[PDB]
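Each of the two blocks below gives one form of the same protein chain as structure tokens; they are labelled structure 1 and structure 2.
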Structure 1
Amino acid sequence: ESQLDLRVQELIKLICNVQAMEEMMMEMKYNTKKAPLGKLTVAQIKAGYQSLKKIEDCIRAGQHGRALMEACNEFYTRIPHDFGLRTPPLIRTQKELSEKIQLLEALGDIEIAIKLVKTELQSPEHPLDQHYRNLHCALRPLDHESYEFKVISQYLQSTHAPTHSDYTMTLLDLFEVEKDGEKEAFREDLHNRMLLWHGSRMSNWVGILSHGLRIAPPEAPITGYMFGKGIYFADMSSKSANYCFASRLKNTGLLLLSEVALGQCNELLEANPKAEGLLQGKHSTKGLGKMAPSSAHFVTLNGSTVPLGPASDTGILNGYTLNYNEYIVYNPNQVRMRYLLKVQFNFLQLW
């Protein structure tokens, strides 16, 4: 029997679910059974990015005819997909491109996550405890009546955007996070330390809790990244929550809060995929949203600023304008994961 707190057992059982990783890949037309992750080569994955680059080139230039169809055939050649019967579809928009780009990263990530959940040959220990141990990340459940849970719930509820009205969120449980090595590596020296959201797909959490949040790999096409290749956070809960991709069938998602050492922000009104180059001494990029929590409402939690809402207009306006801030850092050493929220999404049927 498991020696873990019951709340941790449920958390672990949820994120370590292998089926759920298979099903997420299958949704992106990758069959892990027909094509085991273990057989992908480094060079195969590199060739796949190479073809996604040719696809991106076509798309950015509005070329949807023959050059695009060949680039897509070359992509499907290099990366095995499973379409059931149908004609492999053309990769035509930014959303479909970007799904492919994320797919490629998840192939290596899911492969390592599935190795992580392997229990030892001999061991009497409950598998939950082995899974938990293998993450190398302490997850400490907090009581609902505690001050910290109340503050986090306010931050969750107060910063749910008024324009994300398709669901509410309930906080089911809150875990304080202590990832091995992160405290020692953290840029404790940098000013402007903020506690910020990061939402992600259920199958990504094994990789995040065992590796921390990572920048995208060198070979991925840069021009999909609106502010460069770093780690992205929101100060609005529902904006990160949108990246959980919860659904009615699986209405449970996770949100991560991290202390992020922002230092001096390079504040940018408009997207720039070359944003990291623009730093010249600064430490992060802030993409300037129209709406935002105001510093008058801010509290602190362990010396990070917690930007409580509600959001209000910031007088930023433009071309394109960001709805809400987002923050980017370019080294994991500016991040220290701190709370993980287990969240019930309640979807609404509105018209």
Structure 2
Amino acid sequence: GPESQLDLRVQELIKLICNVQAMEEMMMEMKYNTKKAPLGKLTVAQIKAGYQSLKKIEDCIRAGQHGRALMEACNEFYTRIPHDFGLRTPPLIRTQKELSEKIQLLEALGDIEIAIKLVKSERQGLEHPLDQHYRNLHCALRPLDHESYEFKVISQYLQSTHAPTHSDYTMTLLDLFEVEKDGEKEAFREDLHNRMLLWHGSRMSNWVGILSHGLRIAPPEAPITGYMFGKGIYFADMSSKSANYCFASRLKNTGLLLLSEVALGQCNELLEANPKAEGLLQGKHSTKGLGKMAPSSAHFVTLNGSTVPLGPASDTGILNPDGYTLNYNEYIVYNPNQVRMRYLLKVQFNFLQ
């Protein structure tokens, strides 16, 4: 009956992130089974078991047990987390990247279970359904105007920090929302210095969970080696580096990027990955993974109290002698109270070919 009371741009955002059918299609692309394991009846416990099975696998990988041991651990994961490979013979997880794949799958399942719950919630017919979904986020989203000063600056942040080795696409900013998640400013470590406005990209299936529950710490059951710098919340200062984690396609060229205030405090700087980076803090507040190019310094503005690392980017003269060197920086915090969500960008990806 009742007409939406939401701004239209917010109505389109809600419609886009609460699209269960699109999640269904995103999981199907990660080789998952949407009917045998219907997202409508996902539970935390199915996902917890998921993590547990990935831990057994990590154990085999750490022991070099790539025979029967690993074969059975992978089958238990594929049983608790139903996959649909049709005729293909379900493959072994042995590499870090294969492992990382599964973790990203469980994170999306977790955020999809949050989303499903919310969209099925009550169904009070006093308010438009968009309106209900938006209240249930407990997260304010305010459409800023194309002319607005904020749009100007974030546009420049997005374009100015597009990395040159991500030449497979450009990005156009369609819309910009101010985010105010209930409780985040109250929780936030305003005491800590070195507060930066940084990027976070995720699959389109995770935004309801991200906006409703915040960026979360990975559960204890998950394998530590899933995480290059441990179980924390990961941000970049380069737009495209985050944007790659949106997993946008030529057919699905619309994604979302997040800007958050991040209370870095004192960074523990690392050159190479280390899943156990969190124990190496010793009083420091964050991990910084160090890359070859990063925004300058001289272009850094500020915005409601956070330093926006605008570009152009520049060589940092960083290089790792004995192993891999990250192309771009990477920042990890190990507590949600070091994150305050600020903006949500609606972004068109324009793929070269």
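Under this definition, the rigid core comprises the largest set of C-alpha atoms superposing within 1.5 Å between the forms. Residue numbering: structure 1 sequence, from 1.
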**OP:** Check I152, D109, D173, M169 against the rigid-body motion between the two structures and give me the one at the hinge.
**Re:** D109
**OP:** Please report, as a whole number of degrees, the rotation of the smaller rigid part relative to the larger part between the two structures.
**Re:** 19
Original post:
Relative to the superposed core, what is the Cα shift for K282 between the two structures, in Å?
Top reply: 0.3
Subject >> between the two structures, C-alpha offset at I215 (rigid core aligned, Å) >> reply: 1.2
Subject >> Cα shift between the two structures at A71, which is computed once both forms share a superposed rigid core (Å) >> reply: 2.9
